[PDB]
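Chemist: Before I ask anything, here's the sequence and the deposited coordinates:
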2 protein chains.
Amino acid sequence: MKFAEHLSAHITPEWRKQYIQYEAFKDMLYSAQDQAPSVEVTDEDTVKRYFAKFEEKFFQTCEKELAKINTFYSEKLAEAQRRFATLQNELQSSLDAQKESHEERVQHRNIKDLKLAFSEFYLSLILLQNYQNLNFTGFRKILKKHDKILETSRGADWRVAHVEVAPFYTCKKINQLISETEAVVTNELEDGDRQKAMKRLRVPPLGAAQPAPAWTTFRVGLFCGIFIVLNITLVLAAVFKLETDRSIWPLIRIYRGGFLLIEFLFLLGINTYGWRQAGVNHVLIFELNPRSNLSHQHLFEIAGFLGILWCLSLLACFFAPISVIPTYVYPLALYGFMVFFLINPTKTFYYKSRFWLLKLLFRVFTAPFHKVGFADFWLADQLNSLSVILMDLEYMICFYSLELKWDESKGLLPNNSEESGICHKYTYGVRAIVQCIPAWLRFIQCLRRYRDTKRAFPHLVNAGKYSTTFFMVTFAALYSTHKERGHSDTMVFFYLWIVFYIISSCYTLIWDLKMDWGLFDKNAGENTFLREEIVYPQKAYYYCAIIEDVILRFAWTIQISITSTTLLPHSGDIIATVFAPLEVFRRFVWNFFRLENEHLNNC
Amino acid sequence: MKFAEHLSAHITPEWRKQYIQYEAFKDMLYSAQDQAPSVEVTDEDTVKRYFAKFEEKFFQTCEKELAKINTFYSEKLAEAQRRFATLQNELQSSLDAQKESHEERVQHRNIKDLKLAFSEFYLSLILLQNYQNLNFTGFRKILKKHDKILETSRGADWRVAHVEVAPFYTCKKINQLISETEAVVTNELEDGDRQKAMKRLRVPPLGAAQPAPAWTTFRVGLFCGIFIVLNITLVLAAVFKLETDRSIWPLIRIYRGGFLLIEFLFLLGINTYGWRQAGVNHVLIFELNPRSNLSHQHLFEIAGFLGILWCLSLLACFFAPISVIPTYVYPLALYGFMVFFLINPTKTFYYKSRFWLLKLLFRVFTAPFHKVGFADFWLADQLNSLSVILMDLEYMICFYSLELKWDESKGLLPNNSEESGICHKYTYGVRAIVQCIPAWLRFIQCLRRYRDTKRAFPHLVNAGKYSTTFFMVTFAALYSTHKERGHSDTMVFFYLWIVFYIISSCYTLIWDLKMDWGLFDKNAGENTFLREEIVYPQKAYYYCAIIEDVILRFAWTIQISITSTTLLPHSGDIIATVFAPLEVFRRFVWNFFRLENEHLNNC
Ligand SMILES: O=P(O)(O)O[C@H]1[C@H](OP(=O)(O)O)[C@@H](OP(=O)(O)O)[C@H](OP(=O)(O)O)[C@@H](OP(=O)(O)O)[C@H]1OP(=O)(O)O
Ligand SMILES: O=P(O)(O)O[C@H]1[C@H](OP(=O)(O)O)[C@@H](OP(=O)(O)O)[C@H](OP(=O)(O)O)[C@@H](OP(=O)(O)O)[C@H]1OP(=O)(O)O
């Protein structure tokens, strides 16, 4: 309400402290009004002296904040012109190089980068202009409010004697700067095409939140409703219309991956909504284009659509109304549709989003030959917690290639055959390597980062933490195969195994609480066990995260060990399936604090 | 982009012609720019005289439109001043009467009515201010556009010489007016409470469409999705899970009403959406409070929720999980929930809407005594199209009270008993009166209107129209009972019956095309077979309405005749079911044109 929430919505995520503290002056004026001693206990001289002293303190605070505004604006303007001169020099160099093939491609990439730089400079200039306008509006509003409450005209005199003569308000150099940038872009860059110049230099109202179209919200609601009703009917159909002829392992073992993917997309949508609400400049961190970024609603829509596809495919797998090929087409059809959706080459269905995502995925998969950005290793750590999809895909390809009789029906082939359990076994080695692929990719990425930076800490320690999983999985496999062979010394390999269990968790957990989040700092001060500046209002969120992460790390390591070792022949698959949709929740809660730590400590 | 859509959304409907014809100015300037031939083709003298003559014509047109705007503003200000004087006199009289029981209640209703009058006055003055500001903005906008396209500075000089001195902008009496009204409201009425004074006089941004919350759209989507999935599963369950041993009539004949009502609500939501989009001032016509009106989204939400309840009740009726009572609680429970939803006495679940609708329904059901508004007889005619709900309700009461053995099970009592078919008969004759109730109410309303106005040409004939249903139903009942008795002269009563068929349709259809819509106008002729002015862009809508209404009138009259005559033992309920959900569509298509015609002629 009023200018208060307007300013609060128009806060720049970077310079939040530099803005006028409308709330502070608001509450201190109400504090002035609230005291109000008894009407007849003392002379009106005391009341007027109280009014005068509080007015003097109000003027002192206003002058202090005004001086801070002047200094901040002058400094900002200083680097504004210095950056303008630097970009003008670069533009002149590029133009004179062009005026006088590989050279043409270099000029093309340079001018495109220059256009992007001019775009961000124009955003900076308009941000400064909005800064000045918001400060002026806040000053006029607070002075009017004060003149109203104190029923005096002193606020107007203070404003006219201070504000309209303030250097920040009197300086119009920002307008000449933006006009010169616009003219340069129109003339030198666009060759007189003013329309294209503006179209590239548009600035959508980022300050006014985001005008989400009603159609997107309606579609999200429709998809959510259809998904929940399909889920309910799936539960009822599974409970009632299922008979007993086979233990239904393959169906869950195949659809667990789709369930994990859908849950991950939903949680990432919640994650980005919280990121936007908290004020963390995530778009800058991911070097995304500020013109076009995906809000949470699109992620919710995509998650709902994939959930619909998965649920209908699984329900068709149960019921199987009528066909010629009985049941082993639905999972294949669903996965084919998903993979084709991901690689759609037309300019439809978020073409830029899919292109950028697949480019990032190719970069992260070929990481040993690429640099390290924040969008790269974050996706690598995202994939590190989703080894279950790779496991399920390998199991599905094994089942459909070797075990399943392709030209047959039903799909409950006898388990008494020797070929039953070919990849329910582990001596093939096709389980340890698949599980360790994410760890290997992440570790080699960290090693390349260290080599590029030439700085041992913290990259070597990080590489060790990523490499502990190698020992974990390999020794679990050794124990499993030696138990299969029934050797006398096999039990010995159990002992140190448990040791390497602990040296994993208590290790990585520490890495999760010192460098990833920067908590437990020596300068906690008033906030025991926490950090000085926390964006989220409540510390109970931090407490629940710190109490859940310790359990979830043990859960993840034990679940990956049992998945790759396949002991406990009955309950092993059940424990793996039940523990799978918990590490994803851990990965969801981890991102909040990871980025709120990175945003403050840029580093 | 430009201010085109800005004004097109911000133009007040009832003064749309008075605003700037900015679009015409755009297109004429674009035509002027495009018509210029090549430089080499024509001499520069011809080019310059072209610019000179078109500039002169542009200035002439702008002078004409500004003169019209000044005259309009002067007249508006004069009537605003006279209205202000009148309301000041009324306030003075009220306050001096108050200063010097029934008298207190009269004073209370006077002060509330005066508060409403001041609200309307403040809204009108703010509308005038918005008009003036938009006109000034449009002038400066088109002038700078002309200056940029003609690369001349003549526009600025013309603006400062004409627009700056223009009487509409120079007259600042509007601000003194609003300040005086605000001061009077704060002091005389609110007794110094400025906060309550402005909150009662707050004006939401009606010009900027409507900021619909995203939560409402999400809820609408969720309800629509759940409804469509429940509909599909109900269709499949009815096709497969239902057998045929005792027919399904005693179920559809009770569950038709919920579908009818839900369809009516959905179509009414469509009506209000189209009404808002086309610009027809429907809120003024219904004397609704302009600050609190229901957009289409709320109607869609209510329709979806009722659809969910009805579909769930029907689905539970099919499968019928059994604890004690087999099947005859679901319809009663659903109807009880609906009626309790309508009569909720708390302040939740649309507190104002339900109270207003209940008051209107009571007023229309006490038609012979209370007066006539617009919403009154509009709702009367709206209910005249839904006699099927009353038919189904009385049939439900008849079945549950007499035929149904409530202390039994199943719900498929044999039809071989003598009492069976009594409720399928008409010996009591209740069908005729139940069907003829809406006609009687509408006739009484028209008779009261005629008596009050003492003018027979537009009222007495209106009453005479609604008496044909009486003769139709009575003659149908006579034919049915004489056929049941098998008298020799029975067939004779058929003959005139068919006659009174035609004298119904060809009569009321004419009434639907002359006074209800104002079509076929002799004074017209700009558009063949249409009126002088239309609001919807396409005449094909009028053509399809005029081609469908002729069929629908015959359909409605034959369906009511067959419903109340109890003939065609096999196809009777079938024809009733297939014809019922289309008369509501006829009412839906009728409302649009009825209100666009009532908006202009003002009968
Ligand atoms: O792209 P828009 O948002 O519609 O901007 C239009 C206009 O473009 P159009 O004439 O095609 O409508 C001008 O662009 P050009 O004609 O010069 O190519 C532009 O110019 P300036 O910013 O330099 O004034 C000006 O933008 P703005 O909204 O900031 O005033 C504004 O002009 P019009 O509303 O008069 O058309
Ligand atoms: O919050 P609003 O009801 O929209 O109005 C507030 C304010 O009330 P608050 O004291 O609760 O903040 C003033 O109320 P009064 O003390 O004068 O009764 C009012 O004053 P004016 O309308 O006379 O200016 C002014 O409204 P406006 O937005 O038109 O300036 C605006 O105050 P602020 O926006 O400056 O905080």
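Modeler: Everything's here; your move. Residues are numbered from 1 along each chain as shown, chains lettered A, B, ... in the order given. Ligands and ions are numbered 1, 2, ... in the order given.
Chemist: quick one: residue A:584 and residue A:264 touch, right?
Modeler: Yes: counting by C-beta atoms under 8 Å, residue A:584 touches residue A:264, with 5.6 Å between them. Yep, even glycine has a C-beta here, placed from its N, CA and C like the rest.
Chemist: how near is whatever residue of the stretch 251-400 of chain A ends up closest to chain B to residue A:415?
Modeler: Of all residues in the stretch 251-400 of chain A, residue A:297 sits closest to chain B, at 8.5 Å by C-beta to the nearest C-beta. Distance of residue A:297 to residue A:415, given as C-beta to C-beta, to the nearest Å: 47 Å.
Chemist: cool, and residue A:507?
Modeler: 40 Å.
Chemist: When the two are compared, which one has more neighbours?
Modeler: Applying other C-beta atoms under 10 Å in any protein chain shown to residue A:507 and residue A:415 shows that residue A:507 carries more neighbours, namely 15 against 12.
Chemist: buried set for the helix or strand hosting the more buried one?
Modeler: Under the criterion DSSP states H and E, the helix or strand holding residue A:507 is helix A:490-514. Using 16 or more other C-beta atoms under 10 Å in any protein chain shown as the test for burial, helix A:490-514 gives A:490, A:493, A:497, A:500, A:501, A:504, A:505, A:508, A:512, A:513.
Chemist: Could you dump those residues into JSON lines with distance to residue B:24 added?
Modeler: Shown next, in JSON lines, are those (distance: C-beta to C-beta, whole Å):
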{"residue": "A:490", "distance to residue B:24": "92"}
{"residue": "A:493", "distance to residue B:24": "89"}
{"residue": "A:497", "distance to residue B:24": "85"}
{"residue": "A:500", "distance to residue B:24": "82"}
{"residue": "A:501", "distance to residue B:24": "80"}
{"residue": "A:504", "distance to residue B:24": "76"}
{"residue": "A:505", "distance to residue B:24": "75"}
{"residue": "A:508", "distance to residue B:24": "71"}
{"residue": "A:512", "distance to residue B:24": "67"}
{"residue": "A:513", "distance to residue B:24": "69"}
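Chemist: Let me know the closest of those to chain B.
Modeler: Chain B lies nearest to residue A:512 out of the buried residues of helix A:490-514, by C-beta to the nearest C-beta, at 35.4 Å.
Chemist: Helix, strand or coil: sort out residue A:484 for me.
Modeler: Assigned by DSSP: H, G, I helix; E, B strand; the rest coil, the conformation of residue A:484 is helix.
Chemist: List phi and psi for the closest residue in space to it that isn't next to it in sequence.
Modeler: In space, and not counting its chain neighbours, residue A:484 is closest to residue A:427: 7.4 Å by C-beta to C-beta, 6 or more residues apart in numbering or on different chains. Residue A:427 adopts backbone torsions of phi -70, psi -20, taken as degrees, to the nearest 10.
Chemist: ok, residue A:427 touching residue A:481?
Modeler: Yes: with contacts counted by C-beta under 8 Å, residue A:427 reaches residue A:481, the gap being 5.8 Å.
Chemist: Neighbour count for those two, which is higher?
Modeler: Under the criterion of other C-beta under 10 Å, the comparison of residue A:427 against residue A:481 puts residue A:481 first, with 17 against 11.
Chemist: give me every residue that touches the more buried one.
Modeler: Neighbouring residues of residue A:481 by C-beta atoms under 8 Å, 6 or more residues apart in numbering or on different chains: A:426, A:427.
Chemist: And residue A:585, by the same measure?
Modeler: A:267, A:552.
Chemist: Compute the inter-axis angle for the helix or strand harbouring it and helix A:490-514.
Modeler: Secondary structure from DSSP H and E places residue A:585 in helix A:571-600. Interaxial angle of helix A:571-600 relative to helix A:490-514 (axes from the mean of the first three to the mean of the last three C-alpha atoms, to 10 degrees): 30 degrees.
Chemist: distance of residue A:549 from residue A:583?
Modeler: In this view, residue A:549 and residue A:583 are 11 Å apart by C-beta to C-beta.
Chemist: So between these two, which is more surrounded?
Modeler: The residue with more neighbours, out of residue A:549 and residue A:583, is residue A:583; 22 against 18, by other C-beta under 10 Å.
Chemist: so that one makes contact with residue A:382?
Modeler: No: in this structure, residue A:583 is not within contact of residue A:382 by C-beta under 8 Å, at 11.7 Å.
Chemist: Which positions in chain A make contact with ligand 1?
Modeler: Chain A comes close to ligand 1 at residues A:194, A:195, A:198, as judged by C-beta under 6 Å from any ligand atom.
Chemist: Okay, the last one and chain B: tell me how far apart.
Modeler: Between residue A:198 and chain B the distance, using C-beta to the nearest C-beta, to the nearest Å, works out to 10 Å.
Chemist: Check whether that residue sits in a helix, strand or coil.
Modeler: Taking three-state DSSP, the label given to residue A:198 is helix.
Chemist: likewise the second one?
Modeler: Secondary structure of residue A:195, reduced to three states by three-state DSSP: helix.
Chemist: elements contacting the lengthiest helix in chain A?
Modeler: Of all segments of type helix in chain A, defined using DSSP state H, the longest is helix A:44-99. Judged by 3 or more C-beta pairs under 8 Å, 6 or more residues apart in numbering or on different chains; DSSP states H and E, helix A:44-99 is in contact with helix A:22-35, helix A:102-149, helix A:154-162, helix A:167-170, helix A:173-184.
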